[PDB]
Amino acid sequence: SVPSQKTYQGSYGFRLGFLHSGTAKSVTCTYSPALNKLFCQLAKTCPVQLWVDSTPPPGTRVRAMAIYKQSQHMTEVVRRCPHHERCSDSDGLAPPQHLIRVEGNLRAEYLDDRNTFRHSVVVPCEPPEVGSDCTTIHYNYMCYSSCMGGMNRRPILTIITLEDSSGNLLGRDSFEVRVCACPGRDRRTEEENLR
Ligand SMILES: [Zn+2]
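Below you will find a few notes about this structure. Residue numbers count from 1 along every chain, following the sequence as written rather than necessarily the entry numbering; any residue without coordinates is not displayed. In computing side-chain values, all of the structure's heavy atoms are included and hydrogens and water are not.

## What about the sheet that holds strand β1 (residues 15–18)?
So, point 1. For two strands to be treated as a pair, DSSP must find at least two bridges joining them. Each helix is a run of DSSP H or I of at least 4 residues and each strand a run of E of at least 2, with the numbering of both proceeding from the N terminus. Overall, antiparallel pairing links the four strands, which are arranged β1-β4-β9-β6 in an open sheet. The sheet is open, and its two borders are formed by β1 and β6 (100–102), each paired with just one other strand. Adjacent strand axes in the sheet meet at a mean angle of 40°, parallel and antiparallel pairs treated alike.
So, point 2. Pairing analysis gives five bridges linking strand β4 (residues 46–51) to strand β9 (residues 135–141), with the strands arranged antiparallel. Every axis in this analysis is a line fitted to C-alpha atoms, fitted for helices over the stretch in contact. Angles between the N-to-C directions lie between 0 and 180 degrees.

## Let's talk about the nonpolar core
So, point 1. Residues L38, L99, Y139, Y141 and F175 are the most contacted members of the largest nonpolar core, which totals 38 residues.
So, point 2. Discounting chain neighbours no more than four positions away, the residues touching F175 are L16, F18, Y31, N36, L38, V48, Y141, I156, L157, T158 and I160. We define a nonpolar core as any set of buried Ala, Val, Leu, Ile, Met, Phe, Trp, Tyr and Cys residues linked to one another through side-chain atoms lying within 4.5 Å. The classification of residues rests on relative accessible area computed with a 1.4 Å probe and restricted to protein chains. Under 20% of the type maximum is buried, over 50% is exposed, and intermediate values are partly exposed. Residues count as neighbours in contact if any of their non-hydrogen atoms are within 4.5 Å of one another.

## With respect to unusual backbone geometry
Excluding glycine, a negative phi dihedral is what most residues carry, and trans is how most peptide bonds are arranged.
So, point 1. Although it is not a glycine, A43 sits at a positive phi angle of roughly 65°.
So, point 2. The residue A43 is located in the loop between β3 (37–40) and β4 in this model.
So, point 3. With relative accessibility at 36%, the residue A43 sits in the partly exposed group.
So, point 4. At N152, a position not held by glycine, the phi torsion is positive, near 60°.
So, point 5. For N152, a relative accessible area of 24% puts it in the partly exposed group.

## Details of the sheet that holds strand β11 (residues 169–179)
So, point 1. As summarised here, the arrangement of the seven strands in space is β2-β3-β11-β10-β5-β8-β7, forming an open sheet in which the pairing is mixed. Two strands close off the open sheet at either side, each with one partner strand: β2 (29–32) and β7 (109–112). Ignoring strand direction, the axes of neighbouring strands in this sheet form an average angle of 25°.

## Focus: the coordination of the zinc ion
So, point 1. Metal-coordinating donors are taken as N, O and S atoms lying within 2.8 Å of the metal, or within 3.2 Å when the metal is Na, K or Ca; because water is left out, some sites can appear incomplete. Ligation of the zinc ion by protein atoms is provided by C81 (SG), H84 (ND1), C143 (SG) and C147 (SG), these donors lying 2.0 to 2.4 Å from the ion.
So, point 2. One can describe the site at the zinc ion as tetrahedral: its four donor atoms subtend angles covering 105 to 118° at the metal. Site shape is set this way: if four donors have all angles between 85 and 135 degrees, tetrahedral; if opposite donors are over 155 degrees apart and all others between 65 and 115, square planar for four donors and octahedral for six; otherwise irregular.

## Section: the environment of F175
So, point 1. Mapped onto the elements of the fold, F175 is located in strand β11.
So, point 2. Judged by its relative accessible area of 0%, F175 falls in the buried class.
So, point 3. Separated by 170 residues in the primary sequence, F175 and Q5 have C-alpha atoms spaced 9.2 Å apart.

Structure (structure tokens):
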């Protein structure tokens, strides 16, 4: 099986937002709108905004899941490499095999799907705080794109789904991710190649 990556705003007008961090060679996380691609360093905070036109019901949740972008690899479960799954960098909540973690949210839940064996991490969808127009989730990616025996230089996508208390689909967005040592330089390079 293969999770859908089809963009779907749904009844609440769900969509993602990214900060504008630039491409200085020191930047740790940067988003390219032209490529729809997030570039980030290993295990660094990746701020992802959640935008809605109207408030979804209490019990609404937000799930993040990675799949391989290339169709010939799409049935492969995206997981941490044989090295990183064993480096004992557990935050006490995320299984060591999970590529994507949520940072600073004790209500985060991590799922090993009993049928697809795919990994995901889901949190309650919270309203914007006072004087804010959106909510922000902080993600960490726990492997390099280049990791041998894992992603192995294959591009991935992160799929973000808004779901109801039963886990039914309310909204979906997605973005490509590259976890690398120099996100700012790699963004400039890929944007140049695109041009
Ligand atoms: Zn790795």
